[PDB]
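In case you want the letters, here they are:
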Amino acid sequence: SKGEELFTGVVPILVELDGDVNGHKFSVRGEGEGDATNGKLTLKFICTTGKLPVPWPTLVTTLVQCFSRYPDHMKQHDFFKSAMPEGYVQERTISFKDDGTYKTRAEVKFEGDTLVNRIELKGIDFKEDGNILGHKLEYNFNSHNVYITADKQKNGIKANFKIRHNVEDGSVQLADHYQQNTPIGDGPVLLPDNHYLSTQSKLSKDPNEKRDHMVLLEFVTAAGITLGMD
Amino acid sequence: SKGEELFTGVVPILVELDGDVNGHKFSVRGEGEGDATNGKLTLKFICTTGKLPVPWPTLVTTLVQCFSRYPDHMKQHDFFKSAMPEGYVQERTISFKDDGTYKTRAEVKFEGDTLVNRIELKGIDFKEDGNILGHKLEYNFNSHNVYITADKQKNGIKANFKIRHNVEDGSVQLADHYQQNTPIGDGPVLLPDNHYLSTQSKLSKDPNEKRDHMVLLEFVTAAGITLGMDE
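Residues numbered from 1 in each chain as written, not as in the entry; some residues may be left out. Chains lettered and ligands numbered in written order. Heavy atoms only, no water.

- Per the deposited record, determination of this structure is attributed to X-ray crystallography, with the resolution reported as 2.776 Å.

Here it is, written out as structure tokens:
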């Protein structure tokens, strides 16, 4: 298509969101650039009314699928770029389990040289105790909290946490871990008070490696214990 | 309690795993280095007996929490470094829902200068049609598929997908997404055969930005259609 030719290079992006969640009105502005040749987006978003009343992760999918990399044998299936530069409307209903709902209406157009995503958002029926208005969602997507407790009868520690592996069909494969650590030597060990480990893992592959392999990068920090009149 | 002193610098890591899942024996070796000062690990793992009979993401938790960064006011709660260099035994039971069960016994200790994680794993009761032995697990944790289908009545598409936001207490906040796109223009558009966009996002913060903000990095690739008959 001809609209495809507008994404041959790097295209500046402007996002403008105006939202209203349970009466709390807010606005977001974002700026950055997209590179459909590699399917890469870089964006910075700013709340321009003060503090966001909902967590940032719940707004990621609302804040430009025309920057997807379509492999060559699929270029004829790229609805998104084919609609440019006049653009497309994008409507969504986002239903949070046991909580409120976002309704979403964006226009994704070209304004001059710039790809613009201009959104209205309306969230209703959110629970003030819930995970959204109560601000309980982790910020990085892959952050798992591993809650550690001491077990003085065993001279060690215990933990139990859930990993929910993404399944290729959009399903999830739950993995329920029960952990038990005990010292190998008979010297003294620090048994802890209740805290947790915030863990992040990034998996990747080395394309120059013939063997079945995993390249893993991990960031782990302990949390859950604050200062107490120090 | 003098064990934290062994983790002040960068420490070479050796990981060795002997496994048996539904009678398939395998072995993994892992090499790399850990930096407890920053809570950082970089490791490369190689299946040394051919192909791995399970998805790599199911082995990650099995394959060294003594490299976590304990803030200064908590160093008194660091069991893992405290048990060093004799080390600790780590036993787990991993229960895959509607599927089998891993049991793991590892010994994490210092052999010479190197921190060695030495595991024995046993998995029983796995379904051959299941997500594990059937290798249906995404490799990257933040990879989501946005499933796309044509809606020719409105001259556009329609998409559907789920996002599972992690909650601080360890549960998950599910978000069902129902998407509809139509063109603004009057010109002609491509209507697609069913496919999906494979989407990944990384979120971060500018420490020097005083306003409430989000810095976002995204990688999206259409997939789910294959080359036809040709060469």
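**Focus: the overall build of chain A**
Stage number 1. A tally of regular secondary structure across chain A gives one helix and eleven strands.
Stage number 2. Start at the N end of chain A and walk to the C end: the helices and strands fall as β-β-β-α-β-β-β-β-β-β-β-β.
Stage number 3. Computed over its C-alpha atoms, the radius of gyration of chain A comes to 23 Å, more than 25% above the 17 Å expected for a compact globule of 230 residues.
Stage number 4. Referenced to the eigenvectors of the C-alpha coordinate spread, the extents of chain A come out at roughly 75 × 55 × 35 Å.
Stage number 5. Entry remark: accessible area of chain A is about 10900 Å², with carbon and sulfur atoms responsible for 48%.
Stage number 6. Computed over 27 positive and 33 negative side-chain charges, the separation of the two mean positions in chain A equals 2 Å. (Helix = DSSP H or I, 4+ residues; strand = E, 2+ residues; numbered from the N terminus. Rg over C-alpha atoms; globule rule 2.2 N^0.38 Å. Areas by Shrake-Rupley, 256 points an atom, 1.4 Å probe, with all protein chains shown as cover. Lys, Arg positive; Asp, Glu negative; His and termini not counted. Charge placed at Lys NZ, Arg CZ, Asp CG, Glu CD.)

**Section: the packing of aromatic side chains**
Stage number 1. Under the defined criterion, the tally for this structure stands at 19 aromatic pairs over all chains.
Stage number 2. Measuring from centroid to centroid gives 6.1 Å for A:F79 and A:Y88, while their planes differ by 45 degrees, and the two rings are tilted. In this structure, A:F79 and A:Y88 share a single accessibility class: buried.
Stage number 3. Three or more aromatic residues joined by ring pairs form one cluster here, namely A:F7, A:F67 and A:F110.
Stage number 4. A:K81 extends its terminal NZ or CZ atom over the ring of A:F7, reaching a point 5.7 Å from the ring centre.
Stage number 5. Here the basic side chain of B:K81 rests over the ring of B:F7, its NZ or CZ set 5.6 Å away from the ring centre. (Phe/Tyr/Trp six-rings, centres within 6.5 Å; stacked < 30°, edge-to-face > 60°. Buried < 20%, exposed > 50% of the residue type's maximum accessible area, 1.4 Å probe, protein only. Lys NZ or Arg CZ within 6 Å of the ring centre and 35° of its normal.)

**What about the nonpolar core?**
Stage number 1. Judged by nonpolar contacts, the single largest core of 57 residues is most densely connected at B:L59, B:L63, B:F67 and B:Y102.
Stage number 2. Among the elements that make up this core, the one with the highest residue count is strand β1 (residues 10-21) of chain B (five residues).
Stage number 3. For B:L63, the residues in contact, after removing those within four places along its chain, are A:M214, B:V15, B:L17, B:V28, B:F45, B:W56, B:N117 and B:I119.
Stage number 4. The next biggest cluster of nonpolar side chains, apart from the first, holds 56 residues, and it includes A:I13, A:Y88, A:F96 and A:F126. (Core = buried A, V, L, I, M, F, W, Y, C linked by side-chain atoms within 4.5 Å. Contact = heavy atoms within 4.5 Å.)

**Side note on the sheet that holds strand β6 (residues 114-124) of chain A**
Stage number 1. Strands sit in the order β1(A)-β2(A)-β3(A)-β11(B)-β10(B)-β7(B)-β8(B)-β9(B)-β4(A)-β5(A)-β6(A) around a closed barrel of eleven strands; the barrel is mixed. In this sheet, neighbouring strand axes are inclined to one another by 20 degrees on average, regardless of whether the strands run parallel or antiparallel.
Stage number 2. As defined by bridge partners, strand β10 (residues 195-204) of chain B adjoins strand β11 (residues 213-223) of chain B across nine bridges and the pair is classed as antiparallel. Bridging across to β11(B), B:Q200 finds its partner in B:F219. (Pairing = 2+ DSSP bridges. Axes fitted to C-alpha atoms, helices over the stretch in contact; angles between N-to-C directions.)

**Brief notes about the interface of chain B and chain A**
Stage number 1. Between chain B and chain A, the contact holds 125 residues from the first and 123 residues from the second.
Stage number 2. Summed over both sides, the interface of chain B with chain A buries roughly 10600 Å², with 57% coming from carbon and sulfur.
Stage number 3. Scanning the region where chain B abuts chain A turns up four salt bridges.
Stage number 4. Across the pair A:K44 and B:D206 runs a salt bridge whose closest N-O atoms are separated by 3.7 Å.
Stage number 5. In this structure, the connection of chain B to chain A is made through 72 residue pairs in polar contact.
Stage number 6. In terms of residue count, strand β9 (residues 172-183) of chain B provides more of the side of chain B that touches chain A than any other element does, twelve residues in total.
Stage number 7. Its residues assigned to classes, the side of chain B that touches chain A comprises 55 nonpolar, 45 polar and 25 charged. (Buried area = accessible area lost by both parts, 1.4 Å probe. Salt bridge = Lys/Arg side-chain N within 4 Å of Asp/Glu carboxyl O. Polar contact = N/O pair within 3.5 Å; in protein donor to acceptor, adjacent residues only side chain to side chain. Nonpolar A, V, L, I, M, F, W, Y, C, P; charged D, E, K, R; others polar.)

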